[PDB]
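Residue numbers (the working numbering), protein chains in the order written: chain R, 5 to 110; chain D, 2 to 43; chain E, 2 to 19; chain X, 75 to 96; chain V, 3 to 201. Beta carbons are placed, not taken as given, at the ideal position from N, Cα and C, and that holds for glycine. To start, the structure itself, in C-alpha cells.
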Amino acid sequence: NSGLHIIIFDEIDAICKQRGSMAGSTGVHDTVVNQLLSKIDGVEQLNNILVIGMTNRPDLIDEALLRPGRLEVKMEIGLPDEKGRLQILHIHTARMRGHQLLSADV
Amino acid sequence: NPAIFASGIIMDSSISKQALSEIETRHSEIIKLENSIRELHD
Amino acid sequence: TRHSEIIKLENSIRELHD
Amino acid sequence: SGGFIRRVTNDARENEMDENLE
Amino acid sequence: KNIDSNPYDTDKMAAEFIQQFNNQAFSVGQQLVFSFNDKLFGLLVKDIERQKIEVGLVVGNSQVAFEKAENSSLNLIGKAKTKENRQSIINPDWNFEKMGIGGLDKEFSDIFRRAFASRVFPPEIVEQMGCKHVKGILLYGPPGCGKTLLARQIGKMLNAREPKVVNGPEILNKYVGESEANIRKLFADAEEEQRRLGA
Ligand SMILES: Nc1ncnc2c1ncn2[C@@H]1O[C@H](COP(=O)(O)OP(=O)(O)OP(=O)(O)O)[C@@H](O)[C@H]1O
C-alpha cells in the first residue's frame with residue numbers, strides 16, 4: 005500500500021555502455037553499471053518504481069540491462085506518415101484558427 | 002601512432018571525524034589537570 | 002594502562018591536597 | 075605505565091607528549 | 003527478550019537443576035523457573051519415573067532430560083535428549099521443489115554432493131581422515147538463468163541462520179582503509195563466534 009515513484013533518464017548510453025571490455029578506460033563506468041544493475045533488481049524486490057529511458061543508439065546499451073524483468077517494453081519511433089503530418093499541422097494551427105487570425109485561402 | 006591520454010582520481014586521505022573527533026574530545030580532560038596544578042601552586 | 006596511570010595520579014594529587 | 079597518549083596521527087608531535095607527561 | 007541459540011551442557015544443566023531443586027516435590031504439569039548460565043528458563047514438568055508417578059521427589063541421583071519447546075531455537079546437546087530434536091542437521095525438512103525452481107536437478111545434486119557431503123557424516127570419519135573442507139563456490143552463465151534465486155534459496159536450504167548480503171561494490175569508499183575496516187567487520191563476527199565455540 006504505497007504510492008508510485010517515477011525516474012527519468014536522458015541519454016542513457018552516456019553512463020551505461022558495454023560492461024567492462026572497452027579496453028580504453030575502466031575508471032568508474034564498470035562500477036556505475038554494476039551498481040545500477042544490482043540496485044534496480046537485486047536480492048530485494050521493489051514494486052513502486054518505474055524507469056523510462058531514452059536513446060538514439062539502441063545497439064550500444066548493455067544487453068544484461070535489457071533482458072526481461074528490468075527493461076522489457078522497447079519502442080522504435082518512426083517518421084510520421086501523411087495523416088500524422090496533417091494531424092500535427094492541425095494541432096499546431098488550432099490556436100491560430102481560434103482567434104481567426106488565419107486567411108481563408110490557407 | 003603513439004598518442005595516449007589519461008584521467009586520474011584524487012583522494013581525501015582518511016579524516017572521517019572519528020579519529021579527529023576522538024582526539025579533539027579526549028583533549029578536554031587535560032584542562033582539568035591544568036586547573037588543578039594551577040590551584041595547587043597558588 | 003591509561004586508567005591505571007590516570008587514577009594513580011588522581012589519587013596522588015588528591016592525597017597531596019588533603 | 076604502558077602509555078599516555080594514543081596516536082591519532084603517526085607524527086612526531088605525539089611522541090614527546092608521552093615523555094613530557096611522564 | 004533473552005533468547006539464545008548457544009549450546010547447553012545438558013549434564014551440567016541437569017546437575018544444577020537437581021542441586022537447586024533437591025528435597026523438592028514435583029508434579030506432572032508443574033511449571034517453574036530455573037537459572038542456568040545466568041539465564042532464566044521456563045521448565046514444564048512432563049513425565050516422571052520403571053513405574054510412572056504423578057508426584058515425585060527430586061534427589062541428587064535423579065536425572066532430568068530436557069525437551070525444547072515447539073519452534074524454539076534452544077539447542078540442547080549431549081545425551082539427555084528426548085523426543086524429536088533438530089537444531090544442527092544438514093538434512094532438514096527443506097524440499098527442493100516447493101521453492102518453484104526450474105530444471106536444475108543435476109546442478110543441485112552436484113552442489114549438495116560436492117559441498118554439504120563433508121558436514122553430514124559424524125566428526126569421527128573426518129577427524130580420522132584429517133582433511134579440510136571447501137570454503138568457496140562460484141557460478142556463471144548467461145543472464146536470467148537463476149543464479150540469484152538459486153543462491154538465496156541455498157541460503158535458506160542449509161539449517162543455519164540468515165546470511166549477509168553484499169549488494170554490489172558498496173565496499174569502496176573515499177576514505178582509504180575504511181574498506182579494510184568494513185571487510186574486517188564483515189568477518190569479525192564469524193571469527194569471534196568460532197573462537198568462542200571451538201571446533
Ligand atoms: N529457472 C527459473 N525458473 C523460474 N524463474 C526464473 C528462473 N530463472 C530465472 N527466473 C526469473 O528470473 C527473475 C530475475 O532473474 P534472476 O534473479 O533469477 O537471474 P540471475 O540468474 O540472478 O541472473 P542476472 O542477475 O545475471 O540477470 C526472477 O524473478 C525469476 O522469476
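Check your understanding: Helix, strand or coil: how does DSSP classify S25(R) here?
Key -> Reading the first sequence from its first residue, position 21 is the one you call residue 25(R). If DSSP states are grouped into helix, strand and coil, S25(R) belongs with coil.
Check your understanding: Applying the criterion that 16 or more other CB atoms from any shown protein chain within 10 Å of the CB defines a buried residue, is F98(V) buried or exposed?
Key -> On the fifth sequence, position 96 is the one that residue 98(V) refers to. Burial call: exposed.
Point to revise | For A162(V), the nearest candidate out of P94(V), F114(V), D112(V) and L141(V) (CA to CA) | key: Residue numbering aside, residue 162(V) sits at position 160 when the fifth sequence is read from its first letter. Nearest option by C-alpha distance: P94(V).
Review point. For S37(V), which three-state DSSP category applies?
Key: Within the fifth sequence, numbered from 1, the residue matching residue 37(V) stands at position 35. It is a strand residue.
Check your understanding: Is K43(R) near ligand 1, judged by its Cβ being under 6 angstroms from some heavy atom?
Key -> By one-based count along the first sequence, residue 43(R) stands at place 39. Not under cutoff, so the answer is no.
Point to revise | Contact test: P72(R) Cβ vs ligand 1 heavy atom, cutoff 6 angstroms | key: Along the first sequence, one-based indexing puts residue 72(R) at 68. No, Cβ of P72(R) sits at least 6 angstroms from all heavy atoms of ligand 1.
**Study point:** Chain-ordered neighbours of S17(D) on chain V, where CB pairs are closer than 8 angstroms
**Key:** Along the second sequence, read from residue 1 onward, the residue named residue 17(D) stands at position 16. Under the 8 angstroms cutoff, chain V gives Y177 and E180.
**Study point:** Beta-bridge pairing of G44(V) - partner residues as DSSP gives them
**Key:** Numbered from its first residue, the fifth sequence carries residue 44(V) at position 42. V35(V).
Review point. Which of helix, strand or coil does DSSP assign to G73(R)?
Key: As a working mapping, residue 73(R) is identified with position 69 in the first sequence. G73(R): coil per DSSP, three-state reduction.
Review point. Just to confirm, does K149(V) get its C-beta within under 6 angstroms of one of the non-hydrogen atoms of ligand 1?
Key: Taking the fifth sequence and counting its residues from 1, one reaches residue 149(V) at position 147. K149(V) Cβ: within cutoff of ligand 1.
Check your understanding: If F43(V) and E18(V) are in contact, beta carbons under 8 angstroms, what's the gap, nearest whole angstrom?
Key -> By one-based count along the fifth sequence, residue 43(V) stands at place 41. By one-based count along the fifth sequence, residue 18(V) stands at place 16. Rounded, the Cβ-Cβ distance is 11 angstroms, inconsistent with contact.
**Study point:** Neighbourhood of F13(R) by C-beta distance below 8 angstroms, restricted to the same chain and skipping five residues each side
**Key:** Within the first sequence, the letter at position 9 stands for residue 13(R). Taken in chain order, the residues that qualify are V55, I56, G57 and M58.
Exercise for review: Closer than 8 angstroms by beta-carbon distance: list the chain D residues that pair up with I14(E), in chain order.
Suggested key: To locate residue 14(E), count along the third sequence from 1; it is residue 13. Ordered by position in chain D, the residues that pass the 8 angstroms Cβ test against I14(E) are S37 and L41.
Check your understanding: Interface residues of chain R around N184(V) at Cβ under 8 angstroms?
Key -> On the fifth sequence, residue 184(V) is found 182 positions in, with the first residue counted as 1. Simply none; closest approach about 16 angstroms.
Check your understanding: When the Cβ atoms of the region 139-158 of chain V are set against those of the region 72-92 of chain V, are three or more pairs found closer than 8 angstroms?
Key -> no
Exercise for review: Indicate the three-state DSSP secondary structure (helix, strand or coil) for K14(V) in the structure shown.
Suggested key: As a working note, residue 14(V) is residue 12 in the fifth sequence. Here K14(V) sits in helix by DSSP.
Check your understanding: Is any heavy atom of ligand 1 found at a distance shorter than 6 angstroms from the C-beta of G46(R)?
Key -> Here the question's residue 46(R) lines up with position 42 in the first sequence. No; taking the cut-off as 6 angstroms, the Cβ of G46(R) has no heavy atom of ligand 1 nearer than that.
Review point. Excluding sequence positions up to five away, which residues of its chain have a Cβ less than 7 angstroms from the Cβ of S64(V)?
Key: In the fifth sequence, residue 64(V) corresponds to position 62, counting from 1. If we look at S64(V) and ignore the five residues flanking it on each side, its Cβ neighbours are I20.
Practice item. Check whether the Cβ of residue 221(V) sits closer than 6 angstroms to any heavy atom of ligand 1, and report yes or no. Key: Since the first residue of chain V shown is 3 and the last is 201, residue 221(V) is not available in this structure.
**Study point:** Host alpha helix (DSSP H) of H42(D) (start-end)
**Key:** For the purposes of this step, residue 42(D) is taken as the residue at position 41 of the second sequence. Unbroken alpha helix (DSSP H) run through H42(D): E30 to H42.
Exercise for review: May I ask you to report which of helix, strand or coil DSSP gives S120(V)?
Suggested key: To locate residue 120(V), count along the fifth sequence from 1; it is residue 118. Correct three-state label for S120(V): helix.
Point to revise | Every unbroken beta strand (DSSP E) within the region 37-83 of chain R, with a cutoff of 3 residues, ordered by chain | key: 53-56
Check your understanding: How would you write the range of the beta strand (DSSP E) that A27(V) sits in, first residue to last?
Key -> What you label residue 27(V) is simply residue 25 of the fifth sequence in a count that begins at 1. Note, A27(V): beta strand (DSSP E), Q26 to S29.
Practice item. May I ask you to list, following chain order, the residues of the region 11-42 of chain R that have a beta carbon less than 7 angstroms from some beta carbon of chain V? Key: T35, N38, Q39 and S42
Check your understanding: For the region 103-133 of chain V, which residues have a CB atom closer than 7 angstroms to at least one CB atom of chain R, in sequence order?
Key -> none
Point to revise | Selection from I5(V), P9(V) and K158(V) that minimises the alpha carbon distance to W96(V) | key: Translated into positions along the fifth sequence, residue 96(V) becomes position 94. Closest option to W96(V), Cα to Cα, is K158(V).
Point to revise | Boundaries (first-last residue) of the alpha helix (DSSP H) holding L59(V) | key: If you number the fifth sequence from 1, residue 59(V) lands on position 57. Here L59(V) belongs to no alpha helix (DSSP H); instead the beta strand (DSSP E) covers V57 to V60.
Point to revise | Residue burial classification, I16(R) (beta-carbon count within 10 angstroms, cutoff 16) | key: If you number the first sequence from 1, residue 16(R) lands on position 12. By the neighbour-count rule (16 or more Cβ atoms within 10 Å), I16(R) is buried.
Check your understanding: Who are the Cβ neighbours of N184(V) in its own chain at under 6 angstroms, not counting the five residues just before and after it?
Key -> Taking the first residue of the fifth sequence as position 1, residue 184(V) is located at position 182. Hits under 6 angstroms: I173.
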